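> let's see this in three dimensions:
(3 chains, ligands or ions: 6)
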Amino acid sequence: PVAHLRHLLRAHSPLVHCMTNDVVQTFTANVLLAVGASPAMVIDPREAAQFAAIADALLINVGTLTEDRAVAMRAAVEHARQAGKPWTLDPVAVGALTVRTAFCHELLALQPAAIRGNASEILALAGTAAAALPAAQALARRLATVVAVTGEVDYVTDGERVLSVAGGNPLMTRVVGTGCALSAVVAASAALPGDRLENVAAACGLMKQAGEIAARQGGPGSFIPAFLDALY
Amino acid sequence: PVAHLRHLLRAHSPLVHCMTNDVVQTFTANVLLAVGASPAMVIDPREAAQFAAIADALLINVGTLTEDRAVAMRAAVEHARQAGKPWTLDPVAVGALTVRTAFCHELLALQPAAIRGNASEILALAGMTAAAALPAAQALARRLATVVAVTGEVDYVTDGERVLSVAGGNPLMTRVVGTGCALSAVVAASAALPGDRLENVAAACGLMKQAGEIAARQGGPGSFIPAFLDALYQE
Amino acid sequence: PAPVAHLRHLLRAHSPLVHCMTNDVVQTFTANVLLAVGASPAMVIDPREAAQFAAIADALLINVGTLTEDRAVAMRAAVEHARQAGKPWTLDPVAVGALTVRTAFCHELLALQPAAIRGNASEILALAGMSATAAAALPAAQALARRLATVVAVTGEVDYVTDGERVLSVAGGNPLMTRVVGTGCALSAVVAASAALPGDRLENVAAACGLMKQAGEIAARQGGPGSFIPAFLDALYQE
Ligand SMILES: Cc1ncsc1CCO
Ligand SMILES: Cc1ncsc1CCO
Ligand SMILES: Cc1ncsc1CCO
Ligand SMILES: [Mg+2]
Ligand SMILES: [Mg+2]
Ligand SMILES: [Mg+2]
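Numbering: from 1, shown residues only, chains lettered A, B, ... in the order given. Ligands and ions are numbered 1, 2, ... in the order given. You can find the structure just below:
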């Protein structure tokens, strides 16, 4: 299942249009390259519209949102949707920051294939993980989307079924962008064949499995190269 | 006192609003996470004004300054000040590039809790090697009621009168981008912690040099980085 | 191989100050590579600051990997002030041919006389305006070099470098280099540095390609893309 997703990512080499935050660009691109996918960060509004039609999948991560970037993200989402390409939302700090929250609420109309966030963010988007489970189900139902609430245990739901994924290591939280990079791999996984819910759960399992390996060294510095090595 | 600062960073886990440059974002966030703090990069002018009142501390680093970002940074600083949250200035290349030099002069009016810079930067800001910039650092510290850290082979930290110096580190630290910029973020975090601000800032300097001495044992700047982050992390 | 070893010492000796206007994905790595080789990176992006600094720096890099309109303005100001001050500037036309805005922008920049251009086969073909790994674009390269009096480097598993008449080839490296982001973008930076060194420009740009291939070959035996990065920077630093 994780093994299957791994083989699939390599065989399809999904081309992922990443519109993500300033802190995680490099790490996201290297995670995607390590699993055999192709990252591409295109942020000018016109280029983004052009490219989102071409890419296999689109990721929207609002971690360092600005108004200019929001314009280009909205154009990207519209062109992806028009072209039948699945897009993934990562609502970083929604619920904590007003503008972000308003923007993501507006993007929900545009029918993401998947939403990947923490409990607080999922709870905010819907209006501890366990507490977010009802909200995630409701979101998945309203939008016919797959919702992943990530944490020490990840929970993935299509609004009917719910899958839990345990493993990994707390050290992953002391490394920036592991969640942001998980969303990119989830975004890629949505362009792959199979049950979407199950592919998103496998993506969570893939990242946890790499993380458990990488965490063995014991430190967050050495974690990064080992994490990337484990993905490849 | 380095051991004490490490303990404090872990126990207080300060939330640090980082408005820093494009070259050192990731490293800054990983450094803060490694010492037990929580980074947050928020750059829209509205969100930044919102967030700067919530975070425990604010870092302003002008290394890749742009017009939009300057507006956002000023707003963040104004709201941090109004909320009582300490903000730190890192005046990267102030004195060499005009726009950011003027901008930083403006910002000094809003009373940073700390300023962390190299000798030339501190001289340009004061209106006057690290030790050569020491009378300027002291003048700047007195004028603003701030702590000034003039950094280099040896770091000097002053509140206007008291001068603490911090030796250690390794020249390899200068062949890795962002070690100085990451120091500013740890200094920023430390200004939010209990205790004497001067001693905490000197302690932040000691912490980063000790980690750097350890990481430099790996021989090269590539291996330096993982080792440096490992050395900052406990357990 | 000799000019590569030579370049390695010249970069360290001159410590060229490179003004880097490059993409959001490769900032850190570009800076660290330039530091590892003994150069000095500087990322300056405000229009007024970039104009000021482009006059001062030893060389300028323009990489359009994550182009925006605001940034293209600053990049133009930089290029113009670098040219006025006689500092060599280098073009990395990332994804030219695949995205229209940056293709038009880079065509606009060609008029401003870059000292070097470095791209892959498809980018160089599209930049030259020719249809139909790197060998295939060598005609386009040559053509482009002549028209502009530039040095063009077309990279791939084998790199070709030309001033329009002469052609130098460099092989080696390792395909793992492609599973790590920014290795091309970083090569561009070192090329940009190399254009500011004394000697034959063409030969120096080729040697830059060689330097990076050699380090990549050593870095690649740490058989994963994660371990590659520290090993690559260490390799560039060693000696
Ligand atoms: C630290 C940080 N600030 C905005 S985004 C981000 C990375 C986590 O998504
Ligand atoms: C290399 C560089 N250029 C602007 S900022 C920065 C990071 C070093 O402080
Ligand atoms: C992944 C990516 N997207 C725009 S630029 C860039 C850098 C490739 O090296
Ligand atoms: Mg999130
Ligand atoms: Mg500084
Ligand atoms: Mg290129």
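> distance-wise, check the nearest residue in space to residue A:128 that is not next to it in sequence relative to residue A:132.
With CB to CB, 6 or more residues apart in numbering or on different chains as the criterion, residue A:128 has its nearest non-adjacent residue at 5.7 Å, and that residue is residue A:119. For every residue, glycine as well, the C-beta is placed using N, CA and C. Taking CB to CB, to the nearest Å as the measure, residue A:119 and residue A:132 are separated by 4 Å.
> the more surrounded of the two?
Shown here are residue A:119 and residue A:132; by other CB atoms under 10 Å in any protein chain shown, residue A:132 has more neighbours (25 against 20).
> doesn't residue A:123 make contact with that one?
Yes - contact criterion CB atoms under 8 Å: residue A:132 and residue A:123 qualify, at 5.1 Å.
> list the contacts for residue A:191?
The neighbours of residue A:191, taking CB atoms under 8 Å, 6 or more residues apart in numbering or on different chains as the test, are A:12, A:14, A:16, A:56, A:57, A:85, A:86.
> so the first one sits right up against residue A:192, yeah?
Going back to what we said before, that points to residue A:12. Yes - between residue A:12 and residue A:192 there is a contact at 6.0 Å, judged by CB under 8 Å.
> which residues are in contact with the residue nearest in space to the middle of chain A?
Geometric centre of chain A, nearest residue: residue A:183, 1.5 Å, by CA atoms, centre = their mean. Contacts for residue A:183 (CB under 8 Å, 6+ apart) come out as A:20, A:59, A:61, A:88, A:90, A:116.
> just the closest of these to ligand 6, please.
residue A:20 (20.6 Å; CB to the ion).
> can you name the next helix or strand after the helix ranked longest in chain A?
Among the segments of chain A that qualify as a helix by DSSP state H, the longest is helix A:196-214. Sequence-wise, the next helix or strand downstream of helix A:196-214 (DSSP states H and E) is helix A:220-231.
> and the contacts of that following helix?
Contacts for helix A:220-231 (CB under 8 Å, 6+ apart): A:27, A:30-31, A:34-35, A:171-172, A:174-175, A:178, A:206, A:209-211, A:213-217, B:30, B:33-34, B:225-233, C:223-227, C:229-230.
> swap in stretch A:102-109?
With CB under 8 Å, 6+ apart, stretch A:102-109 has contacts from A:60, A:62, A:65, A:70, A:73, A:74, A:77, A:89, A:91, A:94, A:125, A:143.
> that older thread, which residues are common contacts for residue A:119 and residue A:132?
residue A:149.
> where do the helices sit along chain A?
A:2-12, A:25-34, A:45-52, A:67-82, A:98-107, A:119-126, A:129-143, A:178-189, A:196-214, A:220-231.
> residue in chain A nearest to ligand 5?
Counting by CB to the ion, chain A gets nearest ligand 5 through residue A:22, at 19.5 Å.
> do you know how far that residue is from ligand 1?
7 Å (CB to the nearest ligand atom, to the nearest Å).
> which residues does that residue contact?
A:63, A:64, B:22, B:25, B:41, B:43, C:24.
> now the second one. Nearest residue, chain neighbours left out?
Excluding its sequence neighbours, the residue lying closest to residue A:64 (CB to CB, 6+ apart) is residue A:21, at 4.0 Å.
> report the contact partners of that neighbour.
Contacts of residue A:21 (CB under 8 Å, 6+ apart): A:61, A:62, A:63, A:64, A:65, A:92, A:180, B:41.
> wait, the second one sits on residue A:94?
To tie it back to what came earlier, the one meant is residue A:62. Yes - Residue A:62 lies in contact with residue A:94 (CB under 8 Å); the separation is 7.3 Å.
> neighbour count winner among those two?
Ranked by neighbour count (other CB under 10 Å), residue A:62 and residue A:94 place residue A:62 first, with 27 against 24.
> related to what we said a few turns ago, most widely separated two among the contacts of residue A:21?
Greatest spatial distance in the contacts of residue A:21: A:65 and A:180, 13.3 Å, computed using CB to CB.
> redo the helices of chain A as JSON lines? Include distance to ligand 5.
Shown next, in JSON lines, are those (distance: least, CB to the ion, whole Å):
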{"stretch": "helix A:2-12", "distance to ligand 5": "41"}
{"stretch": "helix A:25-34", "distance to ligand 5": "22"}
{"stretch": "helix A:45-52", "distance to ligand 5": "34"}
{"stretch": "helix A:67-82", "distance to ligand 5": "27"}
{"stretch": "helix A:98-107", "distance to ligand 5": "30"}
{"stretch": "helix A:119-126", "distance to ligand 5": "34"}
{"stretch": "helix A:129-143", "distance to ligand 5": "41"}
{"stretch": "helix A:178-189", "distance to ligand 5": "28"}
{"stretch": "helix A:196-214", "distance to ligand 5": "32"}
{"stretch": "helix A:220-231", "distance to ligand 5": "23"}
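> first-to-last residue distance for stretch A:145-161?
Start-to-end span of stretch A:145-161 (CA to CA, to the nearest Å) is 12 Å.
> what comes up buried for it?
For stretch A:145-161, burial by neighbour count (16 or more other CB atoms under 10 Å in any protein chain shown) applies to A:145, A:146, A:147, A:148, A:149, A:150, A:154, A:155, A:156, A:157, A:158, A:159.
> in strands, which of those fall?
Using DSSP state E, the subset of these located in strands is A:146, A:147, A:148, A:149, A:154, A:155, A:156, A:157.
> now render these as TSV, adding distance to chain B.
Compiled in TSV, these are given as follows (distance: CB to the nearest CB, whole Å):
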residue	distance to chain B
A:146	28
A:147	24
A:148	22
A:149	20
A:154	20
A:155	23
A:156	26
A:157	28
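> from the residues you listed, which is closest to chain C?
residue A:154 (22.4 Å; CB to the nearest CB).
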